[PDB]
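Read the single chain below, which is given as structure tokens and is the form deposited in one PDB entry.
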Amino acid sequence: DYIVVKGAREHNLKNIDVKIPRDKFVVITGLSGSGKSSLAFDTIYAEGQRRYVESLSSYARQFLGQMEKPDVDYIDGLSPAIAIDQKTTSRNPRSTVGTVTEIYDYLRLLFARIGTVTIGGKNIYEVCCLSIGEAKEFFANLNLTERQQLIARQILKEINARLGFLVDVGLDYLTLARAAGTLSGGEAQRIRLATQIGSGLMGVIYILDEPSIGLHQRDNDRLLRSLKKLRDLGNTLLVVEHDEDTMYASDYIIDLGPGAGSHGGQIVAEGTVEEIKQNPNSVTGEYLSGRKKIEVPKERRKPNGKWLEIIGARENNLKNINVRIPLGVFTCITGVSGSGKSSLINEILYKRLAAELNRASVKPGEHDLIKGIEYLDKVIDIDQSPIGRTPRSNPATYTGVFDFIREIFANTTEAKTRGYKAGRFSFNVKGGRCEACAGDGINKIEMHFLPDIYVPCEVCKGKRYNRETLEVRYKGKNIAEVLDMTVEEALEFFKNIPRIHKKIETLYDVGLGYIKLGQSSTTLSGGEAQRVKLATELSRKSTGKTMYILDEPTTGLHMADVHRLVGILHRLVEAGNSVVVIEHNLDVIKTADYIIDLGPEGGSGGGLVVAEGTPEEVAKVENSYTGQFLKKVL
């Protein structure tokens, strides 16, 4: 009936007790860095996997891999659990849709056990090179004999369920032979969801960590309907989401908070959506109830006569459209997943602007020409791919600050007298780091089947530096203490140095005032990593006439975080710059002064400019789903 958890202190959870109902729709909400992922995936899923693995033999444990033991005391009512990780997975080019979704293995088994080899007048190759919808239709009309049906009932059932889920989510325009490495974000997310939650089971806990990455509102609604259908089978659903639709379509909501990092990790509000709204201490309830919201501008800026014309854009699935992008205003490029907006913007506009301004060597997409490039001076872009996590990377090194800090540290009098350079003051370069731990600071000993044990180094005491490097101090603080201070302390510490102060203020402006400069990248959260990347790309100097291109910056960001980002972008636009954002979040779109809509479908059915104009104008077009969704908001 319940999955009651008591005494949870993993990561930053402050010894909280949470009771999760079974066989229901439960949503974990909170700010970026609250501790939702550490609460679900790092505690409940870890405990379930460890308990199910300890009962197996040593050989099976070695061949599977046990995860770390959660720092939780009481966990009861658990069950076999299937979890989908928040982090995106990169697929090698050899992988295909059928191989990833495992439909290819079922097809091979069916053809080996039933092939006389053709099944229903079709060999393996012609059904492998087939669209999902027509493959489902062909498999639902099979007329094999009774003996074959008895032999291969389970294979047929699994294939039918998987193809039904893939059709339900809205992915019937793809082919089983399509490479997985050439798909959009939303399509790849749907494929990943279909891989695990495709063939549903009974009495199994399902854990989903933000399953709506790069999905439109229509795709999100379809996925929600599929999830409700799956839950009706008698399963438990635990979803960590920042979306309003998922919060509204749920039976129970557990809200963490009240902040992020060291200031969060507790439970603030619990109950249904209304109880969340009526609780003052809940930030999510405050945003849902409308007490705090992203302000829609009554007056929208008009273009100043300067336009960016894209003529003959036919890259990927684009059907030779002409799109005009106004300059000097905030423009949002919206559309259903797979409609062809990223393949337009990031593959033509940015790849041409960089080539013509930053002297890059990137070949753009298939297009005729772009008019109006002379009106800009530089282009700054944020890709849709996530950041790479390494233990040798921290936000200080990520946002180009470590170079300046090492330079100033090497510029001190003691460093000059000792004949040192900036290389010594880094833990990734031989000479200044503690060679016993190779600059790691902590040591991770890995066993064969038992969980790993982390033992800190005793030579450096976790400071990653030897005595010689730590003997030189700048303004009374060494480099270890410089790396150990939060972003607010660095801002208060580098006031008189504009070069470092600019980047530190950029980091602080996105809401990372609690993040230590030396916190490991692997330990960073998804939202914190996204904000770190945003600060990295937004800390660069702007000339007043520049293009800002953002590809889904809402990934892993709460309502407060996207409100902060919207304010930053609006100030940047008011400074004189022009911003183009590929967005799926309605809050960001409703504040845009111009919208370019693509559709009306995804895949081969899209690539046409359905709507173009201000949000009020777009809301009057019933053909586009974006207009239908914007009509309710306005």
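By rigid core we mean the largest C-alpha set that fits within 1.5 Å across both forms. Position 1 is the first residue in the sequence shown; the rest follow in order.
**Student:** Checking chain continuity here. Are there deposited residues lacking coordinates between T116 and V117, and if so is it 1 to 3, 4 to 9, or 10 or more (or none)?
**Tutor:** The entry leaves 10 or more residues without coordinates here.
The same protein also has a form deposited in another entry, omitted here; what follows describes it.
**Student:** Using a core superposition, identify the member of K495, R94, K416, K475 whose Cα displacement between this form and the one not shown reaches 2 Å or more.
**Tutor:** Comparing the C-alpha positions, the one residue that moves 2 Å or more is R94.
**Student:** Once you line up the core, how about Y350: does its CA shift reach 2 Å between this form and the one not shown?
**Tutor:** No, the C-alpha position differs by under 2 Å between this form and the one not shown.
**Student:** When the two forms are laid on each other by their rigid core, does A575 show a Cα shift of 2 Å or more between this form and the one not shown?
**Tutor:** No, because once the rigid core is superposed, the C-alpha of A575 moves less than 2 Å between this form and the one not shown.
**Student:** Does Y104 show a Cα shift reaching 2 Å between this form and the one not shown after rigid-core superposition?
**Tutor:** Yes; that C-alpha moves by at least 2 Å between this form and the one not shown.
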